[PDB]
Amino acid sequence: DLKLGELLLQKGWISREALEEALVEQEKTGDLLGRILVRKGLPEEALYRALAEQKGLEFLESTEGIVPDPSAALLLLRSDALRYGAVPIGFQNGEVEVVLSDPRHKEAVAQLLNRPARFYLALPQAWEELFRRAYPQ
C-alpha cells in the first residue's frame, strides 16, 4: 500500500521536491501532509480522491442527488453520525451505504456498524449538506 505522498507523486499532482518540502515542513508544524499540499496548490478534490483510493473508499464528487433513506439513518444515533463523520444513506445488496467525512474514520465506523457496508467519501461541504439532510434537528 502506498503513502499519500507517493500516490500523488505517481499521479503527477506534485513533484518530488514538493513532497520532500512538505514532509520537511510537517516535521516542524505537525500539519497533516494533505493540508500542506492543498495549501501549496493541490486541489482538495484531488487530495480526497487519493485518500479514498488509499483506504478503499469511493469518492463522491457530489451528494446533491442523494435522498437519505431514513431506515439506514436509524443505524447510527445522530450524535454518533456527527462524532464519527458518517452518514448511512441507504442499502445495496445487503450492505449499508455510508458516506464518511474523513477516510481515517473508516475502521472505527466499520467496527461499530458491525455489518457489511460500502464506504463513500465526500468533501466537507457536501458531507455537511448530506448530514443535515439525513439527520435533521
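Numbers follow the displayed sequence, beginning with 1.
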Next item on the list: On mean C-alpha B-factor from the PDB entry, just flag whether 60 to 68 or 42 to 50 is the higher one.
Entry: 60 to 68
Notebook entry, point to check: When the C-alpha temperature factors are averaged for each of 6 to 14 and 113 to 121, which stretch ends up with the higher value in the entry?
Noted result: 6 to 14
Check: Among 85, 94, 34, 88, which carries the highest Cα B-factor?
Finding: 94
Margin query: Based on the deposited C-alpha B factors for this chain, I'd like to know if residue 106 is in the lowest, middle or highest third.
Written below: lowest
